[PDB]
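Heads up: the structure comes next, in structure tokens.
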Amino acid sequence: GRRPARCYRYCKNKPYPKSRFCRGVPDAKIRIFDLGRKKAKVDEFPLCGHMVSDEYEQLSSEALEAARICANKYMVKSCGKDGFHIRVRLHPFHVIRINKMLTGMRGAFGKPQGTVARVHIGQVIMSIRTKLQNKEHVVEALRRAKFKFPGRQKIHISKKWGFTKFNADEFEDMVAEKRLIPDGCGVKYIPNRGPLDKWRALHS
Amino acid sequence: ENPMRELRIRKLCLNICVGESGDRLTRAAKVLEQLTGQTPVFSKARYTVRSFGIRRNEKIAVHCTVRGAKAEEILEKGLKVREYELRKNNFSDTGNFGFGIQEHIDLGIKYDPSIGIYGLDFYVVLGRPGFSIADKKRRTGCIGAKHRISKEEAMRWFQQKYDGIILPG
Amino acid sequence: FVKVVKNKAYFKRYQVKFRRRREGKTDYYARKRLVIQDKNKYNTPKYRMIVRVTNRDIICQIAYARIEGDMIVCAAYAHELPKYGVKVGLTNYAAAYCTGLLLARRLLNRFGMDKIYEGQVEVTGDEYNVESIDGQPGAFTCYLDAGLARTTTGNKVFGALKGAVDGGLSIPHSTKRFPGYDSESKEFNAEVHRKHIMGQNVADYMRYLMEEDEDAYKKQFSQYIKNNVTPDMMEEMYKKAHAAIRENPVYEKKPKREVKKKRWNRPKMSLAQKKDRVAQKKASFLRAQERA
Amino acid sequence: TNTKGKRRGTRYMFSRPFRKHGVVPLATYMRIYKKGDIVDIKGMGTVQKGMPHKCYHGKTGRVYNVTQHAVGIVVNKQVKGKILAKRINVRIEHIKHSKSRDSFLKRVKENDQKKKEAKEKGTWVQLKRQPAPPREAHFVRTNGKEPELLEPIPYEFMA
RNA sequence: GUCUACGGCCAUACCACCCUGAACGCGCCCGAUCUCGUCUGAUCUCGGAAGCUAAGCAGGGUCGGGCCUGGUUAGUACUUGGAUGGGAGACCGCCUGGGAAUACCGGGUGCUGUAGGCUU
RNA sequence: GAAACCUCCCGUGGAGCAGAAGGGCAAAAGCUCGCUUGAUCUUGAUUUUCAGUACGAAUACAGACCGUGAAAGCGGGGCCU
RNA sequence: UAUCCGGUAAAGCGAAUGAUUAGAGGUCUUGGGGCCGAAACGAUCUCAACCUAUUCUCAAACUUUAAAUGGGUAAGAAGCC
Ligand SMILES: [Mg+2]
Ligand SMILES: [Mg+2]
Ligand SMILES: [Mg+2]
Ligand SMILES: [Mg+2]
Ligand SMILES: [Mg+2]
Ligand SMILES: [Mg+2]
Ligand SMILES: [Mg+2]
Ligand SMILES: [Mg+2]
Ligand SMILES: [Mg+2]
Ligand SMILES: [Mg+2]
Ligand SMILES: [Mg+2]
């Protein structure tokens, strides 16, 4: 049906998003960019395993989805149906083209074949949060998920708390301070600045 | 002991939307002219609506803005036919109120088989001293804040002045 | 509830209009046409006879525009007029005339063209304008800056403009909006105009009220009744004032001194005060809640 | 092949900057150009009468003519192999005084000061400029405290 | 100290709500005979001066938003010139000079020209 | 009645400006009135394509005769391409 | 050495435009489907769009920012007084 992944790998063209101009684009294979217990509280999942990319390459929507199932399947089988949260952090926005041959190279300009993610060197592909129990189960999940992607991707466990931007060493104190306040999957960082009436809702 | 926070009637607005044009509208314009003691204005439609049977720039409604003592007098008549009751929803958050009358002859006008029974629409722009700031030409402004009439404040003016009830629901 | 119209975003993207455009003062559309010179004129001034009527006052200024902030060569106010003769009705058309006239005379006295360009003396009211005399310094010429005033027939600005024209400034104008000119005929009386210049429109209203009801007259013309300005006294009064202006227009100010130098205002609260003030509100909240 | 249209590609060039739209504030108009004023051209979107062509934006040149509300201005425009000094009639709004020349005039004025004085004295003074010379010999006192050692830091992978 | 008229630069000047304003101003304010204009003396025009700072206006306030300006981000991202450097490629490292932008954290919150007041 | 007409509030333009898109534009360049024919007559200069020839299109002036506005001004077609 | 010009790399999207993930919060709206309701903004979920802070990820024909390399001028007798 579709072309080999070989042929759309390197980030060669300018980014060609689905827009006014580029239309009639077929929908991306991947759709659900996160799954597992996504309705979980910051506190009850701090681990944050990442699959980072080490190639400035393009990943297919097809390969993302496949990798996502692969990781989630293992996470379910391993720990449990509601024991993790996985986030895919690359959406296929770039539209990829296809000049098709039954005229020759005259007036050759592609129709939209499919979509694709462009991924920089050092950029995270997938990311998983679960417990301090469960580190090894994530690693292998991401390990298995590597095999669905072309190029090369390290698996890495971050020094953050969960899917927060905050360093896990200081996360718990900050809550004690109320620097930080739980807010679904995330956590709202409160600063000094805002009128004092906001400060009177806390400390009360 | 307030000096000029004296909530007054800035203007009274009266409109008969017949939604016809031609003769019905010319007929209804006489009713306001008998009531207010001044020629009204015909407003035209914004755009055609095949449902209502109106066309763009076709004269739909007649209306007029009464000011001063005559607006106080006509407002009084309009409340007498309504029996000095309003509701909470009849007041706008801006501190204005309004109410219908179902037939102008109730106010105190003679019917005619031609010049029939045009129901009409009172609406009262309440105001204060020094609201004109907004609408003058040169050094304009906005009327502060503790000076703006609240919904509550306009209800209590009605509850005092015209001895009204403001029934709930 | 609704979508907040005035977000962070709104204010980030927001552009203010100029300061005086905000204050509701300066029509910059008109200012550009008024004030800028033709570049090949170079640094030669472009004067304008600014006239603004305040609720209690009429100011008449002559100004050109430099880049630092348009400079004012001369001015006359309606509140000066007491010197000359005018006790009351200082925002009235007649007063506007005196105030304009006075500006012309005071201006002319600076340049030494007080003796040349006497201008119109008898006050006809008709189309008058100044012809510059050959072998003599030319006639001063500015243009009327009406401002935001709705320029209609009989507007008081044109009362001032008429005055400065009779005072001997060549300011171009038509008579299409002096009070007198008829809309549904298109001729100019210039006796109606004279009446207005002399305050006879005011005197007749005074005579009309006194005839009808004493109390309304007494209410309407309270400062006219005090100072004893009567209807029959009115025309003479303005003619005296015109002469006195015409004989001595020079402004002398008052020698202002003996000032205590005290702050009526409230000065700006220093960082450190503001910093503590929240500190005290923080403490006071804590000590307050540790009770109930 | 691209369109020859006058305004092609001036989407950004002739576009008032961020939060500087609206009234062309008045100094702009009311400042005087004589003959032989050095003047830098910079087209503007609000005023479309007397706009310069996109080629002369950025370019500086001298004023030759001054009309009522514009200024003729000789500017040099390169064309493949030949520089053509050519004369264009820009409306004031698209033009500033180029300061480039004033720093020169400041220096010549300063020279005339330093030539009048130092003549009766006898001591001749350096009027020519000189490029930044090598930075001279000097001591550095490590006052009490010794130097601070800088080990390069061990790598770690952050993302 | 501060205002009015005409301003220049146009948020350090905007917005929100809160407080305070002596004198002079500026206003709101009271009228429609005349000028002028409205469906309407609301606006506009005109004649006033009994009230009042309620509002506009000014000055201040807010762990305020916004804007302005520093730090950090970071010698990071990018990048001129160099090599028979690496790497299967993708890309990367070095040399040679140049060098940013958010988030985050500080500080600031109109200056001033001409003419004329008031605080004598 | 989700939509008719009226009224108060907010509203940096998120509308509109014949048409493609881009720019520009708020006591306007938008809308609504009033008066109009500068879309008129006539020299050269200049810009843009450029060979630095033409055409078209435009820019600044200058001389006439008008328009409009209290005026300063603006206007010799269409906000600019 | 002075001085203008710039909107590409980068960056940004808790700034506009457009795209786009997630949960917190919200009878804003209202609905369509429910379950417990005669029915009830009653209770309970829900999914629609909208909104209040956050959050994931983007742009040749988006952008508040904004490089490097780069293009003008100027650096005197044709000047000063
Ligand atoms: Mg094959
Ligand atoms: Mg390609
Ligand atoms: Mg005007
Ligand atoms: Mg009135
Ligand atoms: Mg006040
Ligand atoms: Mg107050
Ligand atoms: Mg702040
Ligand atoms: Mg047009
Ligand atoms: Mg001509
Ligand atoms: Mg470009
Ligand atoms: Mg980019």
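Every number in this text was worked out from the coordinates using simple rules, so none of it is lab data. In this analysis, Cβ positions are derived from the backbone assuming ideal geometry, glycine residues included, and neighbour counts consider all displayed protein chains.
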>> I'd like to check something: does region D:16-32 contain any residue that is more than 16 Å from RNA strand E (Cβ to nearest atom) and surrounded by 10 or more Cβ atoms within 10 Å (Cβ to Cβ)?
In response: no
> Tell me, which residue of region A:101-140 that is surrounded by 15 or more Cβ atoms within 10 Å (Cβ to Cβ), of a type in the set (S, T, N, Q) and away from RNA strand E (no atom under 16 Å from the Cβ) is nearest to the chain's Cα centre (by Cα)?
Replying inline: A:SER127
>> For region B:18-40, give me each residue that is surrounded by 14 or more Cβ atoms within 10 Å (Cβ to Cβ) and outside any helix (DSSP H, G or I).
In response: B:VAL18, B:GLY19, B:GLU20, B:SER21, B:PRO40
> What residue, among those in region C:116-145 that are in a loop (DSSP other than H, G, I, E, B) and among the charged types (D, E, K, R), is farthest from the chain's Cα centre (by Cα)?
Replying inline: C:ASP134
> What number of residues within region C:140-189 are aliphatic (A, V, I, L, M), within 16 Å of ligand 3 (Cβ to nearest atom) and crowded, with 16+ Cβ neighbours inside 10 Å?
Replying inline: 5
> How many of the residues in region A:98-119 are closer than 16 Å to A:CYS11 by Cβ and in contact with a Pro (Cβ under 7 Å, 6 or more places away or on another chain)?
Replying inline: 5
>> Can you tell me which residue is surrounded by the most Cβ atoms within 10 Å (Cβ to Cβ) among those in region B:142-162 that are assigned to a loop (DSSP other than H, G, I, E, B) and touching a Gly at 6+ places or on another chain (Cβ under 8 Å)?
In response: B:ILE149
> When you look at D:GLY50, is it at positive phi, within 9 Å of another protein chain (Cβ to nearest Cβ) and over 21 Å from the mean Cα position of the chain (by Cα), yes or no?
Replying inline: no
>> Out of the residues in region C:1-43 meeting the condition of being of a type in the set (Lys, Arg) and within 16 Å of RNA strand G (Cβ to nearest atom), tell me which one is nearest to the other protein chains (Cβ to nearest Cβ).
In response: C:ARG13
>> Which numbered condition in (1) under 17 Å from A:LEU64 (Cβ atoms); (2) away from ligand 2 (no atom under 16 Å from the Cβ); (3) in contact with a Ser or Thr (Cβ under 9 Å, 6 or more places away or on another chain) is the only one that A:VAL187 fails?
In response: (1)
> Has region D:53-62 got at least one residue that is β-branched (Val, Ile, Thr) and either in contact with a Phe, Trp or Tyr (Cβ under 9 Å, 6 or more places away or on another chain) or away from every other protein chain (no Cβ under 14 Å) (or both)?
Replying inline: yes
>> If I ask for residues that are away from chain A (no Cβ under 14 Å) and either part of a helix (DSSP H, G or I) or polar (S, T, N, Q) (or both), which ones from region C:258-283 would you list?
In response: C:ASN265, C:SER270, C:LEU271, C:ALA272, C:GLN273
> Can you name every residue in region C:248-292 that is within 30 Å of C:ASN109 (Cβ to Cβ) and surrounded by 10 or more Cβ atoms within 10 Å (Cβ to Cβ)?
Replying inline: C:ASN248, C:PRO249, C:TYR251
> Mind checking which pairs have a first residue in region C:189-216 that is among the acidic types (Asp, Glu) and a second that is buried (at least 17 other Cβ atoms within 10 Å of the Cβ), Cβ under 7 Å, 6 or more apart or different chains?
Replying inline: C:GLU191/C:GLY125
> Where residues in region C:227-243 are surrounded by fewer than 17 Cβ atoms within 10 Å (Cβ to Cβ) and aliphatic (A, V, I, L, M), which of them is farthest from the chain's Cα centre (by Cα)?
Replying inline: C:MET233
> Looking at D:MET13, D:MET51, D:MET44, which one is touching a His at 6+ places or on another chain (Cβ under 7 Å) and within 16 Å of ligand 10 (Cβ to nearest atom)?
Replying inline: D:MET13
>> Which of the numbered conditions does A:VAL52 fail, given that it passes all the others? Conditions: (1) under 18 Å from the mean Cα position of the chain (by Cα); (2) more than 17 Å from A:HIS120 (Cβ to Cβ).
In response: (2)
> Does B:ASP121 satisfy the condition of being near RNA strand F (Cβ under 10 Å from one of its atoms), away from chain C (no Cβ under 14 Å), under 23 Å from B:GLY37 (Cα atoms) and acidic (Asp, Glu)?
Replying inline: yes
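Can you confirm whether A:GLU44 is more than 14 Å from every other protein chain (Cβ to nearest Cβ), away from ligand 3 (no atom under 16 Å from the Cβ) and under 21 Å from A:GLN123 (Cα atoms)?
So A:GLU44 fails the test.
Rundown of residues vs (1) within 12 Å of another protein chain (Cβ to nearest Cβ); (2) more than 16 Å from ligand 3 (Cβ to nearest atom); (3) within 17 Å of D:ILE95 (Cβ to Cβ); (4) not charged (D, E, K, R), yes/no style:
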| site | (1), (2), (3), (4) |
| --- | --- |
| D:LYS4 | no, yes, no, no |
| D:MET13 | no, yes, yes, yes |
| D:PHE18 | yes, yes, no, yes |
| D:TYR33 | yes, yes, yes, yes |
| D:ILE41 | no, yes, yes, yes |
| D:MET44 | no, yes, yes, yes |
